[PDB]
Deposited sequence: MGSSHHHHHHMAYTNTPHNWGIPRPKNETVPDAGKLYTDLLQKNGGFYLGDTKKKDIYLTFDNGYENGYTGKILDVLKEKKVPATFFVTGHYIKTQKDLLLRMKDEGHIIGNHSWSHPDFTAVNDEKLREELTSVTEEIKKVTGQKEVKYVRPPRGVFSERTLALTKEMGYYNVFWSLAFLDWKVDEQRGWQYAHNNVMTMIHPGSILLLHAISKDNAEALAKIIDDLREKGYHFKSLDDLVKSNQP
């Protein structure tokens, strides 16, 4: 059994992707029979608004996972500490943000392990369970290697960057001055429709 190395770009999700994720420790949705939803952010760059996002999440008591890179950890230690201190989960977005399908196995292991160890040493978060691949690029091989190292492969069902359903995993952004306002409105609006904002730990328990 040679794992396939053909690259795929995540988007939404079809039989191929569905079963690739299912067999290799991946998910992109939670339970679709409950109105629980899951906010996530990717943090490979700091645009200057993450503190304002964090302020909104604290005000609204909404948990999120922030998938961080090594560049982000080294350059934004104070924001990282806010993430841990204010009840969020810090996820793994790789050290240098390469496409996982373009690197050798030794390099992929270093790219994940370096971030995991840095998150644990810098913030004291106990476990780093969640990986989101750079650019949502994956193969059968990269999914399987990531799972073997003890991580879930966490994709998304809705992304919004200015150019909802039960179980949605949202990938939102902190790119401009107005994003914090939009987030606050979205949280309020979705709660009025009966949605509950939960953590990726809750997702796993939702079974």
Counting from 1 along the deposited sequence, the ranges with no C-alpha atoms are 1-10, 23-32, 184-201, 246-247
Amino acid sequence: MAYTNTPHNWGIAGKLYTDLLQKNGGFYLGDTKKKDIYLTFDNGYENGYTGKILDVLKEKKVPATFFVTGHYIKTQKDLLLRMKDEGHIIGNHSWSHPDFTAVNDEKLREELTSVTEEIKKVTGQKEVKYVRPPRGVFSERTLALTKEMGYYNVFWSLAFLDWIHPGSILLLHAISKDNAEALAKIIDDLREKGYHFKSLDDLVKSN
From here on, numbers count along this sequence of modelled residues.
Comparing 167-175 with 30-38, the higher average Cα temperature factor in the PDB entry belongs to 30-38
Per the PDB entry, mean CA B-factor is higher for 74-82 or 110-118, namely for 74-82
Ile186: CA B-factor among chain residues, third -> middle
For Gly150, the third of its chain by CA B-factor is the middle
On the chain's distribution of Cα B-factors, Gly51 falls within the third called middle
Assert third(CA B-factor, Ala180) within chain per record equals highest
Assert third(CA B-factor, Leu161) within chain per record equals highest
